[PDB]
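# Fold and geometry: a report
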Amino acid sequence: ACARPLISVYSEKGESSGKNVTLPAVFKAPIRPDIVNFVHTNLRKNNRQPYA
Amino acid sequence: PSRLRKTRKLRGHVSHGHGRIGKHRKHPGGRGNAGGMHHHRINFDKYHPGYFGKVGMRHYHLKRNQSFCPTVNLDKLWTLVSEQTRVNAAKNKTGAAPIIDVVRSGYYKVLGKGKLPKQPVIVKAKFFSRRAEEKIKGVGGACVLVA
Amino acid sequence: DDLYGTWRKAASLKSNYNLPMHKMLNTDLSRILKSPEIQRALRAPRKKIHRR
Amino acid sequence: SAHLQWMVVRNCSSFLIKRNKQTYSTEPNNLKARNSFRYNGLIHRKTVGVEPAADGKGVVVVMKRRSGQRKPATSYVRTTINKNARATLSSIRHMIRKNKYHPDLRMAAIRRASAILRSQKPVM
Amino acid sequence: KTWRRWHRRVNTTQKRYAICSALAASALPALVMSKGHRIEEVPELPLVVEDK
Amino acid sequence: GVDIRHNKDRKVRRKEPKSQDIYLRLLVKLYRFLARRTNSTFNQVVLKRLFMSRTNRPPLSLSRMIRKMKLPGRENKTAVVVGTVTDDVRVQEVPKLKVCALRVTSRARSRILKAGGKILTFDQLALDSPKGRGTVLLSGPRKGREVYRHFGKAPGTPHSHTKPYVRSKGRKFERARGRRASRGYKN
RNA sequence: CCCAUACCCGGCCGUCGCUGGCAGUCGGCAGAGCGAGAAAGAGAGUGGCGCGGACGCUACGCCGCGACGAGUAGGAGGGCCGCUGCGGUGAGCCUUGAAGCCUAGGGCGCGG
RNA sequence: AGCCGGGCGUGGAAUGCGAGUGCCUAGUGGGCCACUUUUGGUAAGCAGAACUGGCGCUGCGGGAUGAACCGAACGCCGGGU
RNA sequence: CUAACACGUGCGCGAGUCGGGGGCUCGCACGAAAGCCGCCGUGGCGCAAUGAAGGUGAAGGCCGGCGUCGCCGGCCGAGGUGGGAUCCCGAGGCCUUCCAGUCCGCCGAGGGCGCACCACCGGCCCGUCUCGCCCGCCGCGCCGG
RNA sequence: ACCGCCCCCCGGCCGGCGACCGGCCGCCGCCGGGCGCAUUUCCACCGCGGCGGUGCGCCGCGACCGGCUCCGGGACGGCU
RNA sequence: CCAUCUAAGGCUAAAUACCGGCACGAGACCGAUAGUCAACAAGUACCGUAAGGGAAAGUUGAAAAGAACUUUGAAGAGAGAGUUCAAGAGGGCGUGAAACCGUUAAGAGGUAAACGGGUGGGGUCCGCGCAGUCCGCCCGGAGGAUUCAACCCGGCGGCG
Ligand SMILES: [Mg+2]
Ligand SMILES: [Mg+2]
Ligand SMILES: [Mg+2]
Ligand SMILES: [Mg+2]
Ligand SMILES: [Mg+2]
Ligand SMILES: [Mg+2]
Ligand SMILES: [Mg+2]
Ligand SMILES: [Mg+2]
Ligand SMILES: [Mg+2]
Ligand SMILES: [Mg+2]
Ligand SMILES: [Mg+2]
Ligand SMILES: [Mg+2]
Ligand SMILES: [Mg+2]
Ligand SMILES: [Mg+2]
Ligand SMILES: [Mg+2]
Ligand SMILES: [Mg+2]
Ligand SMILES: [Mg+2]
Ligand SMILES: [Mg+2]
Ligand SMILES: [Mg+2]
Ligand SMILES: [Mg+2]
Ligand SMILES: [Mg+2]
Ligand SMILES: [Mg+2]
Ligand SMILES: [Mg+2]
């Protein structure tokens, strides 16, 4: 959906503060576990030291 | 990954997918491109004609930069400038024609392939083709040479 | 939303980036079946078993 | 939506346990404790759960409310029923049916309630 | 041998797509709970607190 | 004992997309239901083309789409393509179209929306027309890939205009023996 | 009169085909069908008490009909077969006893 | 000869059966046997061909025994023939 | 295992695409990661081919102006035949007291528009051959078209 | 200066609030407390009581029905 | 004709290289037949005239608390006793497999043994078997409850 609700900002006391911010458009992006898994797999290989 | 490869499924079959009569020996036919004219002649002639022999002249100190000459076509010619340029020229009434310089965008020769929209253009380039020239003249416009 | 841009606004902090386009918008399959305009153009559901 | 997250979670859940040619689902509001689209208690907007009471006797019925879908703290309403089995089952049946609240789980909820109740009765 | 292909490169657009998908999925209570996080008491899972 | 052969017993066609993404699979669910509970074969064709691979769903250009929709009789109908609609830059005038595709290039979408048409996705297409009346089913040029220039009757063989596999184009690369009557033979 | 792994009838496993069926779980807000030789509407309209009803549907699921099943070299698919390490996850297990090893004990899977 | 336009369906033998098409590709390139035809040879369980079927790659009933003969080809079982 | 190539498959973007090299990010548990560069796309591959090379370099179809038009305008626009999944139309046709009379939906002779793709016929670009005439000028030539 | 896009304010429409609600009213359901006071409601026990479902601790037998088979005994008729 | 340098003398840091050396950090690596040949008195023992070749070899226990003392024997070696959570950890001692061997128990035995199919017999253990299932809805009888329906108050939820 294209609806962007209003998200409240919670104070450090845990209760709702008066402020609130609209939901950023990023959270409506498509969910693709395929791409997420592919990018993780291939990137969690770039912090790897050689062995031989 | 080694998990998905054919070797894992091949364990236990003595042969390893290479036959019992003709084994997997080292280099049965010779290494590399050996026997191109003797015992691989049929394959070479059937799939790479013209491989053997010489043709043409030799140019020793070839410099690609001398012959560098990128080309553009008339259908792409209007994409060099912004759309607002073209629409302003289109609804202009004074008869003024926009100037398109392909050398600025990195093209040297203009070749005339596509259809050209009916509005005057001042195309300035380094080299032109006869058909591109006649297309520009027919649509109404000017051809300008630069060095 | 400045980092990743909205649907109609490009990302300001990145050179040229925009949110990936949705392949399907209304992903409520339950609705997409249970809506009148699609249920009208359907044949009767044959649901009686014919054993040997 | 719902089908989208179901496709996401059908095989990559922490509540999933698969062994002995079986598969089971663990999240709280899931009658029959099995991995299925109908009975998955976290996907749907309207969800029913039946749990044993915190006290040694009684049954807690949990109903997902309609407004706070993204507010987990205030998303479930819990009611404790501590009576005879027949009236407990009748109340659960009325709650499921006369509210038009996810009617496909009526028999599952009744079966689960009956069970919890028996468990609560002292052993022989 | 030490010259095995240890590292991999992924397209920048694909990396951004994966990041967007992860961010969008972090806002759904079902997926966060299925990840195992205990958030049944959290007032609102797109949890925002002030800059204090 | 039965005198039969089992070579061609099993058919090779696809039963489901090889892809693993979830949006395409949801589309496949919806169109599976539509195809099996509707007598219209447009749904069957669309579902079959959803199953297909990337190289079997070539992109369709804006120029192709406008050219195929400018034909007589097919005014104000929705152009349905299971591939990708890519922009064509060598076309200035673009009319208003009612397009449906899995994905559309950003520039192509901008062009259509500026021209005044509307972009549809196969979901909303189901809602608009379940059996798909008033639809023009198009597809990109499948033989457009350059791999098809290497296929067919082998080069170096008479009346075969097949592109050879050469690492570099030039006068020193496959031009001497089989390509000239002056050196050996000419095929 | 006798009998083969052949043929006929029946059960079970699997494969292939029907690119078969099921989103209709449409319930006091309802009315339980789309097996029936005949391409297509249980069509919409205007004038002469008792509160009640099993299972389902990991749709990568479930269900129904037919046909078929030899195999070296070789090809392909599925393995909730197995070994070691890594990222996640099991508010996992464990000195009230882990790994490993032995067993005339109880079982599962066609098999690993 | 090529073009256009128009009219004719009792789909013009029997029987059977879905068909067409495109890529990539392993192994193989020592064969042997049998009825019939057949060349060399005194002849051979010899050497060499044609057609078809087999063995090789194949278990099962029979020929006591058996690579090829006769019958018949194979998922695990019960009954009948 | 590395490199190269081919083809098939999955994903992102798409006439574009790709930071692999470098740089900016208080360097540094993870982090030797990750993010960013866009006037760092140099550059590679693709978007144009052909010829040994000098080089050249990819449609055209109708009316008014001198059919026995020189030649300017008005236009229209990237072929044609056959086969073609789908879609459009639709003669007729889908019921019940009768009768007038509708709405909506399904059926369907024939007829349309015809995707991809195949076959065939034309057309255009480069090399080469044969025939023949015409045109342009800053330098009228072993010139150019 | 002009054009395109975007953010914000105001005004007018369209749609959604089931990836995104508050108040009022109505209906329904549930829960807690009184009212209710036992021909109602509930809990536990007994009968070798009945109906329906699933099974028998082990070892057995019979009956009828249907499918597939092998065989026997009768009777009738046609070309002859 | 043009273009561009000024040879046959000299110096010069930075960006660059680094399986030796000193001092460090780390690892999707190996885990005592692996990883360096070398985890240990390893380039050691040992071989060759010499050039040179070149191993095997980790683990008691938390702590030696490492078994005082009696007894048989010449002694090795035992029986008692003792330490320990454990000697079922006793100085090449964690765990302790297979091949192979001794003994005990059971069974069998003239076509080498072994094997597939089908039964039968005997065993070790198991069912923690040995008067045989439970579940609704009724009917009848013996009981006992702070008891049902309907209303009122308050709260909550669903739908419009
Ligand atoms: Mg094999
Ligand atoms: Mg070979
Ligand atoms: Mg090789
Ligand atoms: Mg068979
Ligand atoms: Mg095959
Ligand atoms: Mg049978
Ligand atoms: Mg087989
Ligand atoms: Mg043993
Ligand atoms: Mg050979
Ligand atoms: Mg012979
Ligand atoms: Mg064969
Ligand atoms: Mg045979
Ligand atoms: Mg004999
Ligand atoms: Mg038999
Ligand atoms: Mg000098
Ligand atoms: Mg000098
Ligand atoms: Mg010097
Ligand atoms: Mg570090
Ligand atoms: Mg060891
Ligand atoms: Mg040891
Ligand atoms: Mg011990
Ligand atoms: Mg030991
Ligand atoms: Mg004995």
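Residues numbered from 1 in each chain as written, not as in the entry; some residues may be left out. Chains lettered and ligands numbered in written order. Part of a larger assembly, values for the part shown. Heavy atoms only, no water.

The record lists cryo-EM as the method behind this PDB entry and 2.86 Å as its resolution.

Per the PDB entry, chain F goes by Ribosomal protein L18 and derives from Oryctolagus cuniculus.

With the PDB entry as reference, chain E is termed 60S ribosomal protein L4, source organism Oryctolagus cuniculus.

### A few points about the overall build of chain E
We count it as follows: Helix numbering and strand numbering both begin at the N terminus, where a helix is a DSSP run of H or I of at least 4 residues and a strand a DSSP run of E of at least 2. Using the Shrake-Rupley algorithm and a 1.4 Å probe, accessible areas are obtained, with residue cover drawn only from the displayed protein chains. When charges are counted, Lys and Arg contribute as positive and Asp and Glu as negative, whereas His and the chain ends are disregarded. Note that the charge is assigned to NZ on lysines, CZ on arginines, CG on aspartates and CD on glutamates.
If you tally the helices and strands in chain E, you get 2 helices and 0 strands. Summarising its shape, the C-alpha atoms of chain E cover approximately 50 × 25 × 25 Å along the three principal directions. If you sum the accessible surface of chain E, you get close to 3600 Å²; carbon and sulfur atoms cover 55% of it. Each charge class in chain E was averaged separately, 10 positive and 5 negative side chains, and the resulting centres sit 30 Å apart.

### Considering the protein's contact with RNA strand J
To keep it simple, the criterion reads: One heavy atom suffices: a residue is near a molecule or strand as soon as one of its heavy atoms comes within 4 Å of it. Polar contact is defined as a pair of N or O atoms within 3.5 Å, subject to the rule that within protein one atom must be able to donate a hydrogen and the other to accept it, and that residues adjacent in sequence are counted only when both atoms are side-chain atoms.
Taken together, the neighbourhood of RNA strand J is formed by 21 residues, with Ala 1 of chain A, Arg 8 and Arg 31 of chain C together with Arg 45 and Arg 66 of chain D sitting nearest. Of all RNA strand J atoms lying within 4 Å of any protein atom, the proportion belonging to sugar or phosphate reaches 62%. Within the side chain of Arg 86 of chain D, an N or O atom sits 2.9 Å from a phosphate oxygen of RNA strand J. Among the elements that make up the surface near RNA strand J, the one with the highest residue count is helix α2 (residues 85-97) of chain D (4 residues).

### Observations concerning the side chain of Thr 38 of chain F
Where we set the bar: With a 1.4 Å probe rolled over the protein chains alone, any residue whose accessible area is under 20% of its type maximum counts as buried; one over 50% counts as exposed, and the rest are partly exposed. Any pair of residues with heavy atoms lying within 4.5 Å of one another is described as a contacting pair.
Along the polypeptide, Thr 38 of chain F turns up in the loop between α1 (22-36) and α2 (41-51). Judged by its relative accessible area of 6%, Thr 38 of chain F is buried. One polar contact links the side chain of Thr 38 of chain F to the main-chain carbonyl oxygen of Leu 34 of chain F, over a distance of 2.6 Å. Once residues lying within four places of it in the same chain are set aside, the contact partners of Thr 38 of chain F are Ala 41 and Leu 42 of chain C together with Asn 43 and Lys 131 of chain F.

### A look at the interface of chain A and chain E
Defined as follows: Summed over both partners, the accessible area lost on bringing two parts together, with a 1.4 Å probe, is the buried area. In what follows, salt bridge is the name for a side-chain nitrogen of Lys or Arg lying within 4 Å of a carboxyl oxygen of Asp or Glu. In the scheme used here, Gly and all other residues not listed as nonpolar or charged are polar, with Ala, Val, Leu, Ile, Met, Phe, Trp, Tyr, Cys and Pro taken as nonpolar and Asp, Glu, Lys and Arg as charged.
On the chain E side, the residues contacting the 26 residues of chain A number 28 residues. Buried surface at the junction of chain A and chain E, both sides included, amounts to about 2600 Å², of which 67% is carbon and sulfur. Summed over the shared surface of chain A and chain E, the number is 0 salt bridges. Where chain A touches chain E, the interface holds 8 residue pairs in polar contact. In the side of chain A that touches chain E, the residues fall into 16 nonpolar, 5 polar and 5 charged.

### Quick word on the protein's contact with RNA strand G
Close contacts around RNA strand G come from 67 residues, with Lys 6 of chain B, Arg 97, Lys 100 and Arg 106 of chain D together with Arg 36 of chain F the closest. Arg 38 of chain E is positioned such that a nitrogen or oxygen atom in its side chain is 2.6 Å from a base nitrogen of RNA strand G. Within the contact set of RNA strand G, a base nitrogen lies 3.3 Å away from a side-chain nitrogen or oxygen of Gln 20 of chain F. For the surface near RNA strand G, the elements supplying multiple residues, two or more each, are α1 (6-9) of chain B, α2 and α3 (106-120) of chain D together with α1 of chain F. In terms of residue count, α1 of chain F provides more of the surface near RNA strand G than any other element does, 5 residues in total.

### Regarding the sheet that holds strand β2 (residues 99-101) of chain B
Residue and element names in this part refer to chain B. Keep this limit in mind: Should DSSP find at least two bridges between two strands, the strands are taken to pair. Every axis in this analysis is a line fitted to C-alpha atoms, fitted for helices over the stretch in contact. Angles between the N-to-C directions lie between 0 and 180 degrees.
The strand order across the open sheet formed by 3 strands is β2-β4-β6, and the pairing between neighbours is parallel. A strand with exactly one partner marks an edge of an open sheet, and here the two such strands are β2 and β6 (141-145). On average, each strand axis in the sheet is tilted by 20° relative to the strand beside it, whichever way the strands run. Where β2 meets strand β4 (residues 121-125), 3 bridges bridge the pair, whose relative direction is parallel. Note that in β4 the partner of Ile 100 across the bridge is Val 123. Docked against the sheet, helix α7 (residues 130-139) engages β4 and β6, running at close to 140° with respect to β6.

### Some details on the nonpolar core
Among soluble globular proteins, nonpolar side chains are generally buried collectively. Selection rule: Residue types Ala, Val, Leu, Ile, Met, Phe, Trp, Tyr and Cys, when buried and joined through side-chain atoms within 4.5 Å, form a set referred to as a nonpolar core.
Ranked by internal contacts, the top residues of the largest apolar core, which has 55 residues, are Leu 19 of chain C, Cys 20 of chain E together with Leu 30, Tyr 31, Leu 50 and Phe 122 of chain F. Contributions of two or more residues to this core are made by α1 (29-33) of chain C, α1 (3-9) of chain D, α1 (12-25) and α2 (29-34) of chain E together with α1, α2 and α5 (122-128) of chain F. Beyond its immediate sequence surroundings of up to four residues, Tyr 31 of chain F is in contact with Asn 43, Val 46, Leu 47, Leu 50, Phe 122, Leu 125 and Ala 126 of chain F. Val 59, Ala 108, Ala 113 and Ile 116 of chain D belong to the second-largest nonpolar core, a separate cluster that totals 19 residues.

### What about the packing of aromatic side chains?
Threshold: Two rings belonging to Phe, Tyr or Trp (six-membered ring only in the last case) form a pair when the distance between their centres is within 6.5 Å. Interplanar angles under 30 degrees mark stacking, angles over 60 mark edge-to-face geometry, and anything in between is tilted. Geometrically, a charge over a ring is one whose NZ (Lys) or CZ (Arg) sits within 6 Å of the ring centre while staying within 35 degrees of the ring normal.
As enumerated under the stated definition, the model contains 8 aromatic pairs over all chains in all. When the ring of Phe 44 of chain B is compared with that of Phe 52 of chain B, the centres are 5.9 Å apart and the planes differ by 25°; the resulting orientation is stacked. Looking at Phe 52 of chain B, the relative accessible area reads 22%, which means it is partly exposed. Between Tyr 148 of chain F and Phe 151 of chain F, the aromatic rings sit 5.5 Å apart at their centres with planes inclined by 70°, giving edge-to-face as the arrangement. Since its relative accessible area comes to 27%, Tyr 148 of chain F is described here as partly exposed. In textbook terms, an aromatic cluster arises when at least three aromatic residues are bridged by ring pairs, as seen for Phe 44, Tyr 51 and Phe 52 of chain B. One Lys or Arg, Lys 126 of chain B, reaches over the ring of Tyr 108 of chain B and ends 4.9 Å from the middle of that ring. We note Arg 16 of chain E situated over the ring of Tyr 17 of chain C; from NZ or CZ to the ring centre the distance is 5.3 Å.

### Quick look at the interface of chain A and chain C
Taken together, the contact between chain A and chain C spans 8 residues of the former and 11 residues of the latter. Buried surface at the junction of chain A and chain C, both sides included, amounts to about 690 Å², of which 70% is carbon and sulfur. Contact with chain C buries surface across chain A, with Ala 25, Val 26 and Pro 30 of chain A losing the most and accounting together for 56% of the total. The tally of links from chain A across to chain C stands at 0 salt bridges. Applying the counting rule to chain A against chain C returns 1 residue pair in polar contact. Along the lines of polarity and charge, the residues of the side of chain A that touches chain C split into 6 nonpolar, no polar and 2 charged.

### A few points about the arrangement of the chains
Where 10 pairs of chains are in contact, the pair with the most contacts is made of chains A and E. Chain B makes no contact with chain A, the minimum C-alpha separation between the two being 12 Å. At no point do chain B and chain E touch; the closest pair of C-alpha atoms across them sits 12 Å apart.

### Brief notes about the pattern of salt bridges
Two side chains that carry opposite charge are able to pair once their charged atoms sit near each other. Applying the stated criterion across every chain, the model contains 15 salt bridges over all chains. For the salt bridge of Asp 75 of chain B with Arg 90 of chain F, the shortest nitrogen-to-oxygen distance reads 4.0 Å. Residue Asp 75 of chain B is located in helix α4 (residues 74-77), and its partner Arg 90 of chain F is located in the loop between β3 (84-86) and β4 (98-100); the two belong to separate chains. Close ionic contact of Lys 98 of chain F with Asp 128 of chain F constitutes a salt bridge, the shortest N to O distance being 2.9 Å. Highlighted residues: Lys 98 of chain F in strand β4 and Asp 128 of chain F in helix α5, separated in sequence by 30 residues.

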